[PDB]
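Chemist:
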Amino acid sequence: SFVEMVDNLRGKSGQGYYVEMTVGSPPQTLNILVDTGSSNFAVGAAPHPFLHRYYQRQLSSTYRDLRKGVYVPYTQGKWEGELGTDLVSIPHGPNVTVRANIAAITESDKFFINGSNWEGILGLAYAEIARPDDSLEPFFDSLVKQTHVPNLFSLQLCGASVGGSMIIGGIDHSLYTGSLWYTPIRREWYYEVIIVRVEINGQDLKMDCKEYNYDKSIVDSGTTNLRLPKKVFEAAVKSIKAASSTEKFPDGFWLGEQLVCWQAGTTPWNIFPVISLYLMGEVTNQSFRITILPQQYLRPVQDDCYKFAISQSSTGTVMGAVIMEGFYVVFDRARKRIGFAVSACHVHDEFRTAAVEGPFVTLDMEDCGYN
Ligand SMILES: CCCN(CCC)C(=O)c1cc(C(N)=O)cc(C(=O)N[C@@H](Cc2cc(F)cc(F)c2)[C@H](O)CNCc2cccc(OC)c2)c1
């Protein structure tokens, strides 16, 4: 826990959350995107149309070239660069300084975002998915090994300019209400989890639960939307369409292409269903659920306009930012588990509320994992 880290994240809707950090000596301040969906720490190290500032190795007395190139291909985009090590600090984070690996970005493609206000990315996931390979120690591992910071961190992402908190080294009890519910981290590469059941407005989607994790399911703060496998995505859109059949929307809408609008303050929230994702518990045949409100998957962009924040995937389920926003998420690396709880900055609806509830009985949860 720590009071100094409570409101240390900012960003703008759909553009990711970022925390401030400093690299080098003397300290070079840079806004770094918080990403539990990758494992590389990378910062702009050369001009780019979208970068307001960038890491200048030359000006840091502590830089150290590792003399190795590097590139990382995300679903979204990619960047290329040169590996090295330098001293890093998080102003509004723990009170420590560590020498970590740093990918100085020299070239990028569809990575940086115009007006995002961040110039680097902090992959908080495990070594196994780090580039060039799992020998390039990710930041958090370095932090844990060099300092006493406990091997744990939590994220409180709040919707709307946007903000939230990244509690390094623990859990801050003033950021959530109710009980925390844990789901096992299936394997230490991405923050993989297993979804055992899915319901829309109470109705079980009735799909073989292997489909829910077809390929895999991960907790990705570096992705905006809720990303579902083809078969699942189709099932939901069909279910969500019917629920809101009272009104009609262009196909481009359900495809995330064109937004929809309503006379300011008249958004028909009630016609959009809640989605319940049931996760594997810590005990035998036990699980729990987190419920998302349409206020979470209908991202805001005169009138009130929104984008359908649920898109299909070819790489498994992705519990993105919009899914994390309603809750306080705990990445308990030490106990290989992820905890969920109603956030202090939860979404609102006079007649409905996002939640984390348990316990539930769910037989054969192991069969839900894909192989
Ligand atoms: C956060 C800003 C919001 N953006 C920004 C662009 C509009 C999104 O909404 C978005 C949409 C999509 C999509 N439409 O599918 C994909 C990504 C994405 O790829 N994010 C990674 C971090 C990242 C943020 C960034 F802003 C730009 C960027 F290029 C990448 C993340 O790490 C992916 N983890 C899974 C993984 C897959 C393959 C390879 C891996 O290797 C480790 C990991 C982000």
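Numbering-wise, the sequence shown is residues 61P, 62P, 63P, 1 to 157, 169 to 309, 316 to 385 according to the entry's author numbering. All C-beta atoms, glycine included, are put in the ideal place defined by N, C-alpha and C.
#1: Does the Cβ of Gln153 lie closer than 8 Å to at least one heavy atom of ligand 1?
#2: Which runs of the beta strand (DSSP E) at least 3 residues long sit entirely within the segment 182-214? Give them in chain order.
#3: With hydrogens ignored, establish whether the beta-carbon of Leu6 is closer than 8 Å to any heavy atom of ligand 1.
#4: When every heavy atom of ligand 1 is checked, does at least one fall within less than 8 Å of the C-beta of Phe108?
#5: Since I believe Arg235 is in contact with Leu301 (beta carbons under 8 Å), could you give me their beta-carbon distance rounded to a whole number of angstroms?
#6: Contact between the segment 82-98 and the segment 12-24 is defined here as three or more beta-carbon pairs at a separation below 8 Å; is this criterion met?
#7: Based on the DSSP secondary-structure assignment, which residues constitute the bridge partners of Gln25?
#8: In chain order, what residues of the same chain lie with their CB nearer than 6 Å to the CB of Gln303, ignoring the 5 residues before and after it?
#9: In angstroms with no decimal places, state the Cα-to-Cα distance between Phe137 and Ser61P.
#10: Would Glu1 and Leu154 be called neighbours here (beta carbons separated by less than 9 Å)?
#11: To the nearest angstrom, report how far apart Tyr60 and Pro23 are at their CA atoms.
#12: Skipping 5 residues on each side, what residues in its chain have a beta carbon closer than 8 Å to that of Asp381?
#13: Since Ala348 contacts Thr232 with CB under 8 Å, what's their CB separation in whole angstroms?
#14: Between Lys75 and ligand 1, is the CB less than 8 Å from at least one heavy atom?
#15: Within its chain, find whatever has a CB closer than 8 Å to the CB of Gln326; leave out the 5 residues flanking it on each side and keep chain order.
#16: Got a sec? Which residues, its chain only, sit under 7 Å from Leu48 by beta carbon, not counting five neighbours each side?
#17: Whole angstroms are fine: how far does the CA of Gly11 sit from the CA of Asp106?
#18: Buried or exposed for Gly273, going by 16 or more other Cβ atoms inside 10 Å?
#19: So who's on the other strand from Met333, going by DSSP bridges?
#20: Hey, how far is the Cα of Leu27 from the Cα of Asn111?
#21: Give a single yes or no on whether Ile126 has its beta carbon closer than 8 Å to a heavy atom of ligand 1.
Modeler: So, from the listed chains and residues:
#1: no
#2: Runs of beta strand (DSSP E) with 3 or more residues, each lying fully within the segment 182-214, are found at 184-192, 203-208, listed in chain order.
#3: With a cut-off of 8 Å, the C-beta of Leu6 is classified as distant from ligand 1, since no heavy atom of the ligand falls inside that distance.
#4: yes
#5: Actually they do not touch by this definition, with Cβ atoms about 18 Å apart.
#6: Between the segment 82-98 and the segment 12-24, the count of C-beta pairs closer than 8 Å reaches three or more; the two stretches touch.
#7: According to DSSP, which records beta bridges pairwise, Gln25 is partnered with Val20.
#8: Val361
#9: 16 Å
#10: Going by C-beta atoms, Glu1 is not nearer than 9 Å to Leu154.
#11: Per the coordinates, the alpha-carbon of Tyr60 lies some 11 Å from the alpha-carbon of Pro23.
#12: Residues of the same chain with a CB within less than 8 Å of the CB of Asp381, apart from the 5 flanking positions on each side, are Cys217, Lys218 in chain order.
#13: Not confirmed; about 28 Å, so no contact.
#14: yes
#15: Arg235, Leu236, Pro237, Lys238, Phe241, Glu242
#16: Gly41, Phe109, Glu116
#17: 18 Å
#18: exposed
#19: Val227, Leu234
#20: 16 Å
#21: yes
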